[PDB]
């Protein structure tokens, strides 16, 4: 509309209405110029055997993008508590996005002193990739999302993508994308932008823990009418072979017939937080579970959803089977264990095999008068008819959705880092500053213009999500476990700022507190 | 409308709908001040015999102009592929042009440091020459067109024209044009400009190759009922004259009667890309085919459409009979052969004579008992009744249309560099910055003001063309030749940017892949 | 089939600068990483530098960092090693090698050129 | 960087004998280990690359085994042509490093 009028307002809050909760977040952003308005080809710079798994080919673009795909973007710690203590499940419904109060600044630097002024006629370009025609980078747990704390101003991350590569070289099948070749809306300082999005139907995330285990579903007072083989020999001696059968009952619950079995496993190596218990060797990469694709090895991370550890042992964690978050101010490389937060999937032990254990045993031969029965350990087990399992939990710091790859087939497309898998997830929102050239020469030149005015933009983003709730119906008599704050005195309030104004998140918070019968 | 509102959006894409394809391109431009707001008379500065062919007289203007007349302005490489593999022909239908988001910048340079600021009250003037009253420069294969890659910012070329000249002097018949003497629209930063244009009916470009040759149209199993003269003598000796006649048939297809003959020729000198095969002398200009007009010699370039070379010989090319494009970053003068891309017209061999060959032989005398039959080579042949020919192909880098000169007569007005000839082509679009004078003296002076504020403008151009398609109907059993990318690994993707952000076009791409029966 | 030729070897006083050129006729030169390997007299060979198949990146051994520049011309299929501030330790036979695709070993080696740094 | 240690530094055997050379790596270099045979006045020639795999055109008597930090070069049915200096090189990371070398002697 105009230079002196505001194109939007600040909306941050949650509205709890019945079975719906509506969250709204507003943040202030800053967008630089990336790559000097250039598309640039990029590839791994390394050589040798080590480079092999790390090889890539792709492009970086002048564009930035908006990422709201973490939960702490949309929920305060109190709202997340209010969610996870009272509800058995939740899921996103609608999405509403706004971009407003756009300001374009020009920077003239002379003799080491820089001046910043408004450029009132400059534009910023924005479009959403509604047709999912661009490579989709939002499901890779990247940085650059809206900050959890509403008072922080954040920088918009640069967009880039990878295409097919052989080592660091490309192939004829590799694709190049100009983002200028999409239609986009152009905004001066009075203009604003919005769009709305509709989540496709997904299952409720299961924010509850089971109060029964898959192997304990029987009535503890009654026998089965099934029999099992109790004895193959009468005793010590020669030629003692016999067949004896017993009823499965309360005394022996391990041999009873069951209708359902625990879910699939891919074994992880077990690491202790007590370092003297670990082996004195480097086994981080060498001893890691991995999968290979076209010759390259990828770590299995986090992998299939499995219980992090056995009951009573919390000092162990899967080598690359858990999500690990950094504490506030944690460095990038080779930080100690107290600098990171290792989450655990202990709640899913009821239906899921432990990550660091074998699935079970199988017979490896035929026993005979000349051959003893032999067994072997099942290190990995794929889906069997009759398996039941839980997905990975979601966290306040963790991702919300992922894009399901477009393929002939998939199974249980729920994404492995947690959250909601979608064939049409929330679309990517691309933004860049329109280049403003400096003064051209006075005689014509056919070369493209490499001289521009140094420029950046800033503004406000609001995002609104409607969430559907699934309320707890339980008949449990005794009280539940709840997520709660601790009363003990401390130098800081958790989930607040410190004396320097730095907001931190003390610990990762999962979703599973309330219980359900298995 | 306003300073803080945007006057247009960014539209780039193609829409393939049935028999129509609609392309839309948006670019960012920069317009300087040319000639210090002056019209200036210009003429060749050279003297001597060499100057004769190069003599000219004309004017340069303060105005710039917009040129979208190359195909890579409107088509991406993938769209051009999608066009040429699937279609027998195409042609333009409608045109829509927009000019928006205008910014005028003033440059104040003090002590070697220059400041750039917005001048919000300045205007830019624009008009289209709808009545074709200006000299038309768009059909001369000039530089300054919108860049093929949408992310590049381009400088607008300066407008100028030539009028009648005798050497470097003018004549009374020479015309002068003030472009200020047209009505034009004036635009401040909130204003925008548009117009729409309707292509006049042109034939479809023939984007196909013939799967038959003009001389092979007979049924290979059957004789003709026509006779030809097989023998004029019985054998060796004296007085052996006779007349013998044979049937033309499968055994001798060269002597058969035919209804149609190949098209016209003007012979070109043949040059090899293997330099040891070429003569050790300078023959580029001296050995070139030319035409003379009013005493001046013009190279025949590219000339009539003729097959570039005989089958099996691709190392030869016509001396000035082909279009030659430069590779990205190629210098202006005396570049090597690997720096340029020589296109070929090998597809049209079926109906057209080879450029470097004679058309044929004619009888030069009357044979008699005292005189042997004599023949001579036809170096150039004009139109004959019964000729058929193909036009020159169009390229992704090549021109789209030309203006047919306004004359009493023309023949097959299709332009010789390729594309669509039109009596009313897309009009010229002229643009200049309105001069803003600096402070005048405080006492009156009648001289025109020579002191101005240094100023330039920038903005966005979008152009939209609707193209009509002619779909391939063929009954051919075996598969076609298609244009395709090569799978082999390379350091760069073709038709992409490199690591420095430079977009290049690897090779020229013609239109002729699908085949038709002759 | 695949041939690598090294030229420019010779004797130079310390602090001197020398340039080495490698010619490759047998393969697609732009698909491969190329290395420089030196073997001092009576010693095992030693890796000096490698450069990317397009020349975007390059690596050098610590001892020679800043004094040597590896360079690649893909159109001429030639590899160049630029040596500055030469030392007595530097004198060795210089080998031009091609790094194998995927495996990364030196499948092909040039004959090599002897380069001597002498006080005299 | 990574250090490569080759043992024994020198070895002497006779035609028909079985010879084994051991290479050790300071850090994990996976399967990227090569064995080069070198004769005076010539460049090193690759015998075995990527741990186990044998170079084409090389006799089947040369064999290689091992992964991670320990590798071994095995020669069965030794031949007069086999006497040379042998190097183990790691191509896992830069700077690429070579072993000290094992020299074989006629007996």
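Chains as they are written, first to last, in the deposited numbering: chain A, 219 to 736; chain F, 219 to 736; chain H, 20 to 139; chain L, 23 to 129.
The beta carbon of each residue, even a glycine, is placed where N, CA and C say it ideally should be.
Item                                                                                                                        : Value
Below-9 Å beta-carbon distance, residue 27/L vs any chain A residue                                                         : no
Contacting positions in the region 380-397 of chain A - beta carbon closer than 9 Å to chain F                              : 381, 383, 384, 385, 386, 387, 388, 389, 390, 391, 392, 393, 394, 396 and 397
Alpha-carbon to alpha-carbon, residue 548/A and residue 290/A                                                               : 18 Å
Neighbour flag for residue 170/F against chain A, beta carbons, 9 Å                                                         : What the structure shows of chain F is the stretch from 219 to 736, and residue 170/F is not part of that stretch, so it cannot be assessed.
Simplified DSSP state of residue 42/L, which is helix, strand or coil                                                       : strand
Inter-stretch contact (C-beta, 8 Å, three-pair minimum) for the region 381-399 of chain A and the region 705-712 of chain F : yes
Rounded C-alpha distance that separates residue 622/A from residue 641/A                                                    : 5 Å
Uninterrupted beta strand (DSSP E) stretches inside the region 599-668 of chain F (no shorter than 3 residues)              : 619-621, 638-640 and 647-651
Residue 434/F in three-state terms, based on DSSP                                                                           : helix
Residue 298/A: first and last residue of the uninterrupted alpha helix (DSSP H) it sits in                                  : 295-304
Partner residues on chain L for residue 431/A, Cβ-Cβ distance less than 8 Å                                                 : Within 8 Å Cβ-Cβ: nothing; residue 431/A doesn't reach chain L, min ~39 Å.
Boundaries of the beta strand (DSSP E) in which residue 329/F is found, first to last residue                               : Careful: residue 329/F lies outside any beta strand (DSSP E) and carries neither H nor E.
Any chain A beta carbon closer than 9 Å to residue 51/L                                                                     : yes
Residue 291/A: first and last residue of the uninterrupted beta strand (DSSP E) it sits in                                  : Careful: residue 291/A lies outside any beta strand (DSSP E), inside the alpha helix (DSSP H) at 289-292.
Burial state of residue 693/F (16 or more Cβ within 10 Å)                                                                   : exposed
Contacting positions in the region 236-251 of chain A - beta carbon closer than 7 Å to chain F                              : none
Contact under 9 Å by Cβ, residue 721/A with residue 237/A                                                                   : no
Residue from 263/F, 253/F, 298/F and 478/F whose Cα sits closest to the Cα of residue 726/F                                 : 298/F
Closest by C-alpha distance to residue 377/A, when choosing among 280/A, 401/A and 293/A                                    : 280/A
Within chain A, the residues that residue 545/F reaches when beta carbons sit closer than 8 Å                               : Residues of chain A passing the Cβ test: none, with the nearest at roughly 14 Å.
C-alpha distance - residue 350/A paired with residue 619/A, whole-angstrom precision                                        : 15 Å
Amino acids of chain A, ordered along the chain, whose beta-carbon sits closer than 9 Å to that of residue 90/H             : Here the premise fails: no neighbours, minimum Cβ distance about 16 Å.
Environment of residue 316/F [buried if 16+ CB atoms lie within 10 Å]                                                       : buried
Completely contained alpha helix (DSSP H) runs for the region 243-288 of chain A, where each covers 4 or more residues      : 267-272
Residue-level contact to chain L via CB, residue 265/A, 9 Å cutoff                                                          : yes
Rounded distance between the beta-carbons of residue 507/A and residue 564/A, thought under 8 Å                             : Wrong, their Cβ atoms sit about 20 Å apart, outside the cutoff.
Complete runs of the beta strand (DSSP E) confined to the region 671-715 of chain A [at least 3 residues]                   : 673-689
Nearest residue (CA-CA) to residue 613/F, options 596/F, 629/F, 599/F and 638/F                                             : 638/F
N-terminal and C-terminal residue of the beta strand (DSSP E) that residue 102/H is part of                                 : 97-102
Cβ contact (3+ pairs, closer than 8 Å) linking the region 602-613 of chain A and the region 585-594 of chain A              : no
Within chain L, partners of residue 503/A - CB distance below 8 Å                                                           : 50
Contact residues within the region 715-735 of chain F, judged by C-beta distance below 9 Å to chain A                       : 715, 716, 717, 718, 719, 720 and 721
Under the three-state DSSP convention, the category residue 324/A falls into                                                : strand
Nearest neighbour of residue 616/A, chosen from 635/A, 422/A, 664/A and 273/A [CA to CA]                                    : 635/A
Segment contact, 8 Å Cβ cut-off, at least three pairs: the region 461-470 of chain A with the region 493-500 of chain A     : no
Buried versus exposed call for residue 450/A [16 or more other C-beta atoms within 10 Å across all chains shown]            : exposed
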